[PDB]
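For this one, two forms of the same chain are given in structure tokens, first as structure 1 and then as structure 2.
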Structure 1
């Protein structure tokens, strides 16, 4: 399979209540491995995964500084967008960054990216050629012009082509036993009453990794994606995920609906109908 390093960084002003909240979370494949939070007691990059303890003192101080630097940068960023959008100093605003790179199993760059948004909406994002920028609106068009002038894009391609892929590689190895594992899902179905002589069949899938999975309800050779109802796959609080999908069938004929679970740890999909 392919893998990826993923940063989720947030800045958010709180006028009247001091400097902004700046946080940074880092993910190698659905596995949280790093965190920074300017609201901590002693704000410092901290491990979120045993395999990141391995890293020595130097790493943690470098990340913690370039983090503190980014924090400062978004303080500036936040005032700047105030002017751009002609917004008044008195409100609370958010900047968001998604940054990282995915690679293939040969370990080569597959794709890189860095995306910014302000107050929820897209602002500006590096295109896939790792050269151009796509601006969301004319405000983020100024930022664009700034960054073409400052060779920020070719500077980012050095980080993406280089730093990012080479540490993803690092991480995948440091933590091969964790990141490269495969927990198969265990599944069941629950039954629930409903007015009008109808019945709800929920198919649960639990304790699995990676997060990617598919559940379908079938009936005599055709899926019912439309008359289904699922929940986004979710973290279960221990580095595993779970998902459930339900379907409304008529009482007496629930025996004929079957559930299907597709996943990396499932050589063959799972098929289950009900526990009368």
Structure 2
């Protein structure tokens, strides 16, 4: 299937408390694999997946400086945006960037990402055509004009079509067995009281990877939408994820309800009911 190499960039100013904090966070297909964090006297690019440790002293040296470079670029950038928006010197502000490529299994570029945001709001982004910009306001129009007259789109296009694609291939050969790992969910149902003649059945899914999963409750046939309650999938904090969905059933009727667990690591969906010992 397709794959993606993406970089998540953060620059956070903090007047009279120190230099802005900068981070570059690397992702191959939603797995973080590299991180750089400017909070250190001698900050360094770090591996965040074991398979990245295969890269030599030179790779880290090279990336570290590049990020350091980038950081300084964003320090100016924060100062510049105050100038564009006419904001006072003492506010903390945030620049965020999403940068990278998505490549098909043929090795062609499906789409490219360069999305800028200022204080959690879209600032500028590269269009699907990989040649022009969409600016979200008068301020970004100044950044559009500057990138038009330095042909930034072209330099970016080159990175997307070249460096990005090429390295994503290098990375994939190093960590492919790892990224492909798949942990099926384990499901149980719990039982809980409720005022009077109602009970809560809760369908749990635990110890699964990746995070995509679907939990549904069925009654005698059709599914339970309107009344069902569920929570956002959440990390167990050991690399796995967890989720549950629950439904309020008549006391004595528990056995009439079926929970279905749908996940990619499963030979087939899991079906379970409440089991009173």
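Residue numbers count along the first chain shown, from 1. If you superpose the two forms and keep the largest set of C-alpha atoms that fall within 1.5 Å, you have the rigid core. Only residues modelled in both forms are compared.
Asker: Report the hinge rotation between structure 1 and structure 2 as a whole number of degrees, treating the chain as two rigid parts and superposing on C-alpha atoms.
Answerer: The rotation of the smaller rigid part against the larger one between structure 1 and structure 2 is 6 degrees.
Asker: After superposing on the rigid core, how many Å does the CA of residue 115 move between structure 1 and structure 2?
Answerer: Its C-alpha moves by 0.5 Å once the cores are overlaid.
Asker: Can you read me the CA shift for residue 174 between structure 1 and structure 2, rigid core superposed, in Å?
Answerer: Residue 174 is displaced by 1.1 Å at its C-alpha.
Asker: Enter the rigid core superposed C-alpha shift of residue 205 between structure 1 and structure 2, rounded to one decimal in Å.
Answerer: Between its two positions, the C-alpha of residue 205 lies 3.6 Å apart after core fitting.
Asker: Core superposition done; which regions of 3+ residues show CA shifts of at least 2 Å throughout between structure 1 and structure 2?
Answerer: Shifted segments: 40-42, 180-276.
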